[PDB]
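The chain below stands alone and is given in structure tokens; this is the form deposited in one PDB entry.
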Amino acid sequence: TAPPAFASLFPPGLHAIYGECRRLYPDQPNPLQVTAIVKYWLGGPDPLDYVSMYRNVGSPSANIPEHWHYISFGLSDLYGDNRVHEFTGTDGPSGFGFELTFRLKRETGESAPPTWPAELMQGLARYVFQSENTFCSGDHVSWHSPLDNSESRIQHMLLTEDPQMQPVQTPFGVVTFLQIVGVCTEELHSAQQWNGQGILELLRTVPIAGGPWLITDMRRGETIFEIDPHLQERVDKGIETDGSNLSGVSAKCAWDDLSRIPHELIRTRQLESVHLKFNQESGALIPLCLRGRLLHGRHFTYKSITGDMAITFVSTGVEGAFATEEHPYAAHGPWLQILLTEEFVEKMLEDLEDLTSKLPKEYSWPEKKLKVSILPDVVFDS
């Protein structure tokens, strides 16, 4: 409602973001910042000009922890004179369309916010700029490193809309706010197997993880599923409902013929009977591959990590597949495409209590000439 001091100095882009900040925190008009002094468009390594570091009381009254809030400047068009972003105009997204935020739970000893998350936001922005790929709500980041650089359990990231921050209309476009959320490797794998938003919704329930504002505690030693097993059950139901985002996986697998691009020999062979082979972990993905993908009219690919051999499960819905309901087992080279009808896969699932919820475990369908075997990995090692 009241303007900032020395307003004519601030660029209109930067002005609108700081507008949203002042709204949230009228108490701190001078929050500690991390500033880039060697600018990115001059040769500097850091794409983010400023990182404001606020403090939020939270609502322990409503069971929301006290935490440090971080907000970036640079990902959106701040200056609007084509120095780093092409001037888009008011319509559409400003710059890359968003600025990062992050919420780190306050520990003791902290009279001030740590600065490592600002350095993380730098490295994270380095990807966006060097690849021009744009993140949105639900997207994940395989960081494969403890975020604070600590030996901490939290090694990956999920991206959500910031609960407090409202999208703003700069004279250069709209700017949404994507809040970074730290996650465990296993919780990242869940978000790969199912949508990102649904896993976010799960994290919101568990207050320690967690919480409705998705505050990151780096001290968290166990995953949401170790905190609560009943959540594991709520994932599959979603994979049944929404489907799976995971389109394939590199894993120890093989396929054998039971019949009695490119080479290019100008022909591809079809098979009457087929025998598929998997490990424990790879064979443990079948339910989601079937229930999650084929029942949703999508496909799934297994590739062997050791060498050249692939199996692509296709539903009758896909296009371009060389396997039809009439000749369902078709192979080009060592790439086998298997086509399974919606009626047959429902039957397959009822014959598959795979995760017991001993090897080798074989499954036969003489009615369809299919044999799937789950066996120890020392085989594919050969």
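Rigid core here is just the name for the largest C-alpha set that superposes within 1.5 Å across the two forms. Just count from 1 along the sequence shown to find any residue number.
For residue 357, the record comparison shows coordinates absent in at least a third of the other entries of this protein that model its neighbours. Unmodelled residues of the deposited sequence between neighbouring positions residue 357 and residue 358 number 4 to 9. Averaged over CA atoms, B-factors in the entry run higher in 221-229 than in the other of 178-186 and 221-229. Stretches compared: 289-297, 142-150. Higher mean C-alpha B-factor in the entry: 142-150. Residue set 246, 208, 121, 191: peak C-alpha B-factor at 208 (per PDB entry). In the PDB entry, a CA B factor belonging to the lowest third of its chain's modelled residues is recorded for residue 46. Ranked within its chain, residue 268 lands in the highest third, by CA B factor from the PDB record.
Looking at the C-alpha B-factors along this chain, the one for residue 257 belongs to the highest third. Among the modelled residues of the chain, residue 69 sits in the lowest third by CA temperature factor in this PDB entry. Split the chain's modelled residues into thirds by C-alpha temperature factor. Residue 337 is in the lowest one.
Separately, the form deposited with a partner chain bound exists; it is not shown, and the next lines address it.
A residue is said to contact a partner when one of its heavy atoms sits within 4.5 Å of a partner heavy atom; residue 241 fails this definition for its partner chain in the entry with it bound, lying far away.
Among heavy atoms of residue 134, some come within 4.5 Å of its partner chain in the entry with it bound. Residue 303 belongs to the set of residues with a heavy atom inside 4.5 Å of its partner chain in the entry with it bound. Residue contact with its partner chain in the entry with it bound: residue 219 places no heavy atom within 4.5 Å of it. Proximity to its partner chain in the entry with it bound, taken as heavy atoms within 4.5 Å, picks out 140-148 from the listed stretches 203-211, 85-93, 140-148, 222-230. A heavy atom within 4.5 Å of its partner chain in the entry with it bound is found for exactly one of 192, 155, 166, 270: 192. Distance criterion of 4.5 Å from any heavy atom to its partner chain in the entry with it bound singles out 250 from the list 176, 250, 115, 185.
Remark: all three candidate residues (127, 246 and 285) come within 4.5 Å of its partner chain in the entry with it bound, counting heavy atoms only.
Superposing the rigid core between this form and the one not shown leaves a single residue from 205, 280, 176, 155 with a C-alpha shift of at least 2 Å: 280. Cα-Cα spacing of residue 284 to residue 144 is reduced in the entry with it bound versus the present form (difference of at least 3 Å).
Figure legend: C-alpha atoms of residue 228 and residue 283, shown here, are separated by at least 3 angstroms more in the entry with it bound.
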